[PDB]
Amino acid sequence: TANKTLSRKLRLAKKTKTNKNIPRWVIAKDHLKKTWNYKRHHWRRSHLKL
Amino acid sequence: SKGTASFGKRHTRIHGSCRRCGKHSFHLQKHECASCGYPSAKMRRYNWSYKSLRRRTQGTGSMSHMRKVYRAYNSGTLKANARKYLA
Amino acid sequence: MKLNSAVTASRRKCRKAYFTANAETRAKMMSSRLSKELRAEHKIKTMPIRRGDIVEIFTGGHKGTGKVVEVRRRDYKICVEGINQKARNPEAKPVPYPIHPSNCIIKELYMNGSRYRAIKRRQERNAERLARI
RNA sequence: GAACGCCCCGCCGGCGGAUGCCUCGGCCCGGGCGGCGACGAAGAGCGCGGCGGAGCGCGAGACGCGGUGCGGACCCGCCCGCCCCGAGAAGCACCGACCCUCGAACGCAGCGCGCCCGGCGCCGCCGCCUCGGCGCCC
RNA sequence: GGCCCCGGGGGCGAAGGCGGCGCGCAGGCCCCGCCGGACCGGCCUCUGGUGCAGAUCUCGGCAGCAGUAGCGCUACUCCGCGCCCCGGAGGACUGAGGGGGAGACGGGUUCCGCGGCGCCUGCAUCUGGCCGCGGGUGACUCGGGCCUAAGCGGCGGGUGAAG
RNA sequence: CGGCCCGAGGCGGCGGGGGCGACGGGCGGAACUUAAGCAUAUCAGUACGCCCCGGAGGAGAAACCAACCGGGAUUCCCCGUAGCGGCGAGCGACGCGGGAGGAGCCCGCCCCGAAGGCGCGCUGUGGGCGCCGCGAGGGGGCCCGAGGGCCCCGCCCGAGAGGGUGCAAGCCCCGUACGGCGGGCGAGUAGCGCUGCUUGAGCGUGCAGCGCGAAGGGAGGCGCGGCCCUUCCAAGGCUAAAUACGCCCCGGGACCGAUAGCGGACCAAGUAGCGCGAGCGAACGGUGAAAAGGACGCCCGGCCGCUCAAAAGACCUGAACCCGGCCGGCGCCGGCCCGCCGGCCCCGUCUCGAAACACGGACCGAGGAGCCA
Ligand SMILES: [K+]
Ligand SMILES: [K+]
Ligand SMILES: [K+]
Ligand SMILES: [K+]
Ligand SMILES: [K+]
Ligand SMILES: [K+]
Ligand SMILES: [K+]
Ligand SMILES: [K+]
Ligand SMILES: [K+]
Ligand SMILES: [K+]
Ligand SMILES: [K+]
Ligand SMILES: [K+]
Ligand SMILES: [K+]
Ligand SMILES: [K+]
Ligand SMILES: [K+]
Ligand SMILES: [K+]
Ligand SMILES: [K+]
Ligand SMILES: [K+]
Ligand SMILES: [K+]
Ligand SMILES: [K+]
Ligand SMILES: [K+]
Ligand SMILES: [K+]
Ligand SMILES: [K+]
Ligand SMILES: [K+]
Ligand SMILES: [K+]
Ligand SMILES: [K+]
Ligand SMILES: [K+]
Ligand SMILES: [K+]
Ligand SMILES: [K+]
Ligand SMILES: [K+]
Ligand SMILES: [K+]
Ligand SMILES: [K+]
Ligand SMILES: [K+]
Ligand SMILES: [K+]
Ligand SMILES: [Mg+2]
Ligand SMILES: [Mg+2]
Ligand SMILES: [Mg+2]
Ligand SMILES: [Mg+2]
Ligand SMILES: [Mg+2]
Ligand SMILES: [Mg+2]
Ligand SMILES: [Mg+2]
Ligand SMILES: [Mg+2]
Ligand SMILES: [Mg+2]
Ligand SMILES: [Mg+2]
Ligand SMILES: [Mg+2]
Ligand SMILES: [Mg+2]
Ligand SMILES: [Mg+2]
Ligand SMILES: [Mg+2]
Ligand SMILES: [Mg+2]
Ligand SMILES: [Mg+2]
Ligand SMILES: [Mg+2]
Ligand SMILES: [Mg+2]
Ligand SMILES: [Mg+2]
Ligand SMILES: [Mg+2]
Ligand SMILES: [Mg+2]
Ligand SMILES: [Mg+2]
Ligand SMILES: [Mg+2]
Ligand SMILES: [Mg+2]
Ligand SMILES: [Mg+2]
Ligand SMILES: [Mg+2]
């Protein structure tokens, strides 16, 4: 909606910011083979209830 | 038309975010939480669901204060501090 | 036979303690025997390995001698100078084959203020035991 | 007839993940312990790393700060930094502080507003200040 | 739990796997060759979550069928190295209750620029609401904050074993 | 106008509120089920809902039990039938006896009256286990990618519990055994009548509502009235121990070994994902001793080949079902060396009777049902 409360805006803002890949130097640093962050989401198939 | 067509009439929010437990369970029209019971002063807890009890309880969070008090008692100096005071 | 009942003799717990050890325990667990020449001079049997010592290797497929360039405490291994993986090119860099400290014997020790004192601390306790016995 | 199909006289390839061996995990019994909170708990939200998503941890002093002891060469990548008879990396134990919003949750509301220039919630006990009554009397 | 005559068999190759002889009425057992790469037992006594073809059994893999059944909204063509993308020229459509221009609710970054084709775009792709990297929403006058509607709370107290 | 009585607003110091899958205390309170039906009964004074503490809690120093040549507060352990009941199905205490542990006291009333905790009080105060640290003792020869292997000779042992280390280690390394620090006696009561629940309690085991309401009283496992005997003093209060238990830490096991064992062995499980919500809830362990994680060259991804004991190359081993290439051939039993002759309906099941036009079953793997008290 274009008319949203600041409290809903802030919780939506955090899901946008943390929706990221693992950095590549972290993959070298921590010696990882699983490289996908499975807590990511995509707007077409998500149901963020926030 | 009680099936697929009826589902296209949904553009409402029944529940929102609770200020106490954080879940998508606060009824916006009754002003009550269906998870923790807010604005009641006590927490909603039922013995007919022990799985619901283990999901949110003591220990599933930080325990930030209780952790420090126990380690001071078990191996720190707190049991000495009571003897000076309780005299 | 063990008598102390606060000490586990369970394989699962012992293996978990070799991993997940803190860093001060891991350093002690990476010890090696002193040579006979240093055993007479310092009156001590083993020492914890350290970056700067000279070691004589046996029992392995990479026998030799050299200085300790690195300590891989997570692996419980040490990299010695001159003991490398057989390389591909004639130019390319060396690659250290990592050695377990118990396959080594120390020939000369790195010395500083703390290492002199910890030796002397350890001789006086070993003389308490030699007076009790 | 050939080919397709089928059997295997044998030699090789696929697809799949059984069997065997392995185990920082479970389960059972026993012994300890029995230690939260208006001095703001349990729980929730948001934020914090030089390059930083998750989880652990921490709170605008934020991936930690100080003090006493101990320890004595490292700090998973790229860098920084430390290096010495003390100059002090990893690690450990106790102690002193910091401690954003919501929550028993405390000026009202839940994100917007006040009264007053310290501040400003409810109940109860003991005292104290200021008072009411054609209660009993003077 | 025991024994296995200088203290049972093992990298001079354990368990398992694939073929092939033998022994036993049989359940089954033993040996050899190849594979594999670290553990395994014969006899006596003890113990049990101890033997599968079926239960419209449970979970996992997977065949024939089979290159089979199948892929509303009038429509594209020529040239540009040319893709359903872009350009120019032509031919058509939606037909002002619009396949147009904008808000409310819901969604939550889908918006923009540059790059790109591993996934997706049930055909293709050089396209893209897909993937990587940077960015982006400015109010005395617009709305929210204020007022009250239908309602909903609160109120010395009242009631109920309490909630 | 002051005092006392009964109230109101404010201020200061102090206390309360919420939290827990156990154990503990107080209330409300089922139905499935069994009776081969079903109402009383049973399940069960249980599930679940509400309230309240603690490290334990509750209970407790006889208005007790008994019938003896007697015991003597409470709790816990061992031991065993009176009775209740459509007298059906079912249900069910206790004393004596043996042990663990053991501990006893107060207020009211009465006497003295402010002697007290003194802005109060004469409507009565006061007295009668965990923290430190040392820590012994093996070589030589064959062999392997690598010696913890094989052969032959020794040492330590208050230490041959065990973990690590390139392959089975007392003597390669950490530990293990042997030790130091802190250390004069209770009234709307007891009892009784009527009614509801509860108990083995049976003409009443315990509780309660309402009506009535004592003075010496209560009890003695069958009611009422009378006489004795035996034994206690209700209607007020405190109290250690022996007993019970999750979370969390510590040790142990004839337990499970990745479809098992917790739902959860995997840097991110009550997670990802699903539901308006209450709530539901997975799957996924293993390269090698060392990342040494793939040289040089040739064609335009492939070939050749490099590391390594080995590709083990995205990973241990790698079965079945099913499939592709090369090579050979055209269902079970029996005889013969071999494609002829002879015999042969689809199993499991219920059923007098199944090849049945009776039902289940495409195929393959792993799991899968008489155990325990
Ligand atoms: K907007
Ligand atoms: K969406
Ligand atoms: K419909
Ligand atoms: K609600
Ligand atoms: K078909
Ligand atoms: K593009
Ligand atoms: K009441
Ligand atoms: K009941
Ligand atoms: K019932
Ligand atoms: K019935
Ligand atoms: K019944
Ligand atoms: K009955
Ligand atoms: K009944
Ligand atoms: K009956
Ligand atoms: K006793
Ligand atoms: K070694
Ligand atoms: K009375
Ligand atoms: K009465
Ligand atoms: K009864
Ligand atoms: K009776
Ligand atoms: K009455
Ligand atoms: K009698
Ligand atoms: K009786
Ligand atoms: K009687
Ligand atoms: K599971
Ligand atoms: K049947
Ligand atoms: K039948
Ligand atoms: K029949
Ligand atoms: K049949
Ligand atoms: K038939
Ligand atoms: K047939
Ligand atoms: K039949
Ligand atoms: K039929
Ligand atoms: K059939
Ligand atoms: Mg309907
Ligand atoms: Mg509504
Ligand atoms: Mg993070
Ligand atoms: Mg507040
Ligand atoms: Mg078993
Ligand atoms: Mg079985
Ligand atoms: Mg089967
Ligand atoms: Mg037209
Ligand atoms: Mg775009
Ligand atoms: Mg396509
Ligand atoms: Mg205006
Ligand atoms: Mg006050
Ligand atoms: Mg039942
Ligand atoms: Mg019945
Ligand atoms: Mg029946
Ligand atoms: Mg019935
Ligand atoms: Mg009963
Ligand atoms: Mg008590
Ligand atoms: Mg009854
Ligand atoms: Mg009491
Ligand atoms: Mg499992
Ligand atoms: Mg393999
Ligand atoms: Mg029948
Ligand atoms: Mg049938
Ligand atoms: Mg069928
Ligand atoms: Mg099976």
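Residue numbers (the entry's author numbering), protein chains in the order written: chain l, 2 to 51; chain j, 2 to 88; chain Y, 1 to 133.
Beta carbons: idealized from backbone N, C-alpha and C, even for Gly.
- Collapsing the DSSP output to three states places residue 15 (chain l) in a helix.
- Between ligand 16 and residue 61 (chain j), a heavy atom-to-CB distance of less than 7 Å is absent.
- For the 8 Å CB-CB criterion, residue 100 (chain Y) and residue 77 (chain Y) form a contact.
- Contact between residue 64 (chain Y) and residue 83 (chain Y) holds: CB atoms are separated by about 6 Å, below the 8 Å threshold.
- Among the residues facing chain j, residue 21 (chain l) is not included, as its CB has no counterpart in that chain under 8 Å away.
- The three-state secondary structure of residue 7 (chain Y), taken from DSSP, is coil.
- Assignment of residue 26 (chain j) by DSSP, reduced to helix, strand and coil, places it in the strand class.
- With a threshold of 8 Å between beta carbons, residue 33 (chain l) makes no contact with chain j.
- If you look at residue 56 (chain Y), you'll find it in the beta strand (DSSP E) that goes 54-57.
- Within the same chain, 54 come within 6 Å of residue 108 (chain Y) by CB-CB distance, once the 5 residues on both sides are set aside.
- Beta-bridge annotation (DSSP): residue 80 (chain Y) is paired with Y:68.
- The region 36-54 of chain j and the region 12-22 of chain j touch, with three or more beta-carbon pairs separated by less than 8 Å.
- Per DSSP, residue 62 (chain j) lies in no alpha helix (DSSP H) and is assigned neither H nor E.
- Under the three-state reduction of DSSP, residue 31 (chain Y) is assigned to strand.
- For a cut-off of 8 Å, the C-beta gap from residue 79 (chain Y) to residue 72 (chain Y) is around 7 Å, short enough to register as a contact.
- For residue 51 (chain l), the residues of chain j that pass the 8 Å Cβ criterion are 18, 25, in the order they occur in the chain.
- For residue 113 (chain Y), the enclosing alpha helix (DSSP H) has its first and last residue at 113-132.
- By the neighbour-count criterion, in which 16 or more other beta carbons inside 10 Å mark a residue as buried, residue 47 (chain Y) falls on the buried side.
- Under the three-state reduction of DSSP, residue 14 (chain Y) is assigned to helix.
- Less than 8 Å divides the Cβ of residue 70 (chain Y) from the Cβ of residue 51 (chain Y).
- Between the alpha carbons of residue 96 (chain Y) and residue 20 (chain Y) lies a gap of roughly 25 Å.
- In this model, residue 67 (chain j) and residue 79 (chain j) are separated by some 14 Å (Cα to Cα).
- Per DSSP, the unbroken alpha helix (DSSP H) holding residue 42 (chain Y) starts and ends at 36-42.
- Taking all protein chains in view, the Cβ of residue 58 (chain Y) is surrounded by fewer than 16 other Cβ atoms within 10 Å, so the residue is classified as exposed.
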